[PDB]
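Novice: fold the stuff below for me.
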Amino acid sequence: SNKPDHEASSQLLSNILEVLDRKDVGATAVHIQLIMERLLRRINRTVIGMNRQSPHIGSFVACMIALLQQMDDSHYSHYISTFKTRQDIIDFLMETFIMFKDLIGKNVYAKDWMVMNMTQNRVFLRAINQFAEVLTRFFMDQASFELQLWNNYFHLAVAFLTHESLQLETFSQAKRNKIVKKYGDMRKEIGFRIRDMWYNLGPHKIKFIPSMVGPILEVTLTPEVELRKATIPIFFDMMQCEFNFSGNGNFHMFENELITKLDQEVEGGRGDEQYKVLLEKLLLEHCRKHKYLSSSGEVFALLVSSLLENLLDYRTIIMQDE
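Specialist: Numbering: from 1, shown residues only. Right below this line is the structure:
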């Protein structure tokens, strides 16, 4: 029966936290700590159910982030880390990620509040980061089993990283620099964190490739240079992992959907010629790092690259010939 109170509650919920954020009124680290402790999963449940889009849900949105905006890692790690039986906290985390995907998908703003938009981007960065560290120190091969959940994470991570791109900052010549000075390039460390999570995964990667094949391309498809630069080697990485498998088998299964998706997005029109160029380059580098199977992957990547100029030429010609 909480329904009519939602907005009203948010009102309450608003002011408290913001007067908590009000600087010199009084020290509140433990106080906000407590409020966190006994309201987080709660409000998350709410906006799970409050998840209807038409109403004042957006307000709750701010509420949530504001909390965690104010609220510091020491707290995340404090007891929201330190819950009861682990499986419960696992459940909670799935709730978190699924909701985050539900946020980034169907964003609750008309894209004109891009300022607070950037802010909530940042706070989501921070929060999911804290989730990353706990998921390591509570769900790496130290928690060797029940390690699928990253599915969500990774897609969510990728799904996060799949907006606010070079053309977007292009809008004003100032726009890029503006958002960089205020924020930098979020995508950089976003992808880097996903990358180090990949590395941190360890041997269980082989359990995971065919799924994560899709995600690693958009990030690689990224218009920018540098993170894409650090991003390609992952490809040689899991192809090598598939080789650790290919001791029994190959990586043909891998390269198949590789090529597949590669197509549908390249024809979808994201990468550029220099994209394939640097692909070729770096993959070749990696192939110099390794022996014979690197040469095999080289000829396969030559096939790839070929297909790439085929597609780019296709695109440029279609947009101008019929």
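Novice: I'd assumed residue 94 was in contact with residue 149.
Specialist: Yes: assessed by C-beta atoms under 8 Å, residue 149 is found in contact with residue 94 at 6.3 Å. Yep, even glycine has a C-beta here, placed from its N, CA and C like the rest.
Novice: helices along the stretch 1-150 of the chain, start to end?
Specialist: Along the stretch 1-150 of the chain, the segments classed as helices by DSSP state H, counting those that start in this stretch run 5-21, 29-49, 57-70, 73-75, 86-104, 114-139, 150-160.
Novice: make JSON lines out of those helices and add mean neighbour count and distance to residue 234.
Specialist: Shown next, in JSON lines, are the helices of the stretch 1-150 of the chain (neighbours: other C-beta atoms under 10 Å; distance: least, C-beta to C-beta, whole Å):
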{"stretch": "helix 5-21", "mean neighbour count": "15", "distance to residue 234": "39"}
{"stretch": "helix 29-49", "mean neighbour count": "15", "distance to residue 234": "32"}
{"stretch": "helix 57-70", "mean neighbour count": "19", "distance to residue 234": "30"}
{"stretch": "helix 73-75", "mean neighbour count": "15", "distance to residue 234": "27"}
{"stretch": "helix 86-104", "mean neighbour count": "16", "distance to residue 234": "21"}
{"stretch": "helix 114-139", "mean neighbour count": "17", "distance to residue 234": "17"}
{"stretch": "helix 150-160", "mean neighbour count": "20", "distance to residue 234": "12"}
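Novice: now tabulate those helices in TSV and tack on distance to residue 169.
Specialist: TSV is the format used below for those (distance: least, C-beta to C-beta, whole Å):
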stretch	distance to residue 169
helix 5-21	29
helix 29-49	30
helix 57-70	22
helix 73-75	29
helix 86-104	18
helix 114-139	11
helix 150-160	17
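Novice: mind listing what the closest residue to residue 308 other than its chain neighbours touches?
Specialist: Distances taken as C-beta to C-beta, 6 or more residues apart in numbering place residue 276 nearest to residue 308, at 3.9 Å, with adjacent residues excluded. Counting by C-beta atoms under 8 Å, 6 or more residues apart in numbering, residue 276 touches 305, 308, 309, 312.
Novice: kind regards, and thank you for your time.
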